[PDB]
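Some notes on the structure that comes next.
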Amino acid sequence: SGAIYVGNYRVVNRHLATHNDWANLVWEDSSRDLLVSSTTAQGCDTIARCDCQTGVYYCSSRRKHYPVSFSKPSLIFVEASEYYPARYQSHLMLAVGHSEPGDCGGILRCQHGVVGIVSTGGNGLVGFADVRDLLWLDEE
Ligand SMILES: CNS(=O)(=O)c1cccc(C)c1F
Ligand SMILES: [Zn+2]
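With my numbering applied, the sequence shown covers 7 to 146.
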């Protein structure tokens, strides 16, 4: 579990969005595993605007933050998980590291701020759903 809280937006994995998220929907994309809902209180996070490929992610299934190198946002085919079939997922970055289903929503951060959230796992890789191209997250 986990979310990004930027301005009056809550960014979650689409597969973990709640009824309240869907009832207060701003934007969702299944191909990207992302959903954004509206918030009453303003949030503590800053979104990275950059092409970094080094950063740090939180792994709940280790209670640990790991430094990683990651691929740029890409169209990947993802093997079946507990929450999704084997399918192509867009705007996905891969790193070598530990990810189980409950790790989804962990933040990946670089020197410029939040890069994305854990979205895929397995075979010793961790995938992150990029959010850095979402420029409207920064206004309105
Ligand atoms: C098919 N590629 S993608 O994974 O959807 C993607 C990644 C990065 C930037 C863009 C605009 C994009 F289309
Ligand atoms: Zn950066």
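We put the beta carbon where it would ideally sit given N, CA and C, even for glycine.
Distances taken from the Cβ of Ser66 to the heavy atoms of ligand 1 include none shorter than 6 Å. The beta carbon of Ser80 sits closer than 6 Å to at least one heavy atom of ligand 1. Here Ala86 has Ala92 as same chain residues with Cβ atoms under 8 Å from its own Cβ, once five neighbours each way along the sequence are excluded. Pairing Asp51 with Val12 gives a Cβ-Cβ distance under 7 Å. When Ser37, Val84, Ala54 and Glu145 are compared, the shortest CA-CA separation from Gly130 is found for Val84. DSSP places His97 in the strand class (E or B) of the three-state scheme.
Residue burial annotation: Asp136 is buried, with at least 16 other C-beta atoms found within 10 angstroms of its C-beta.
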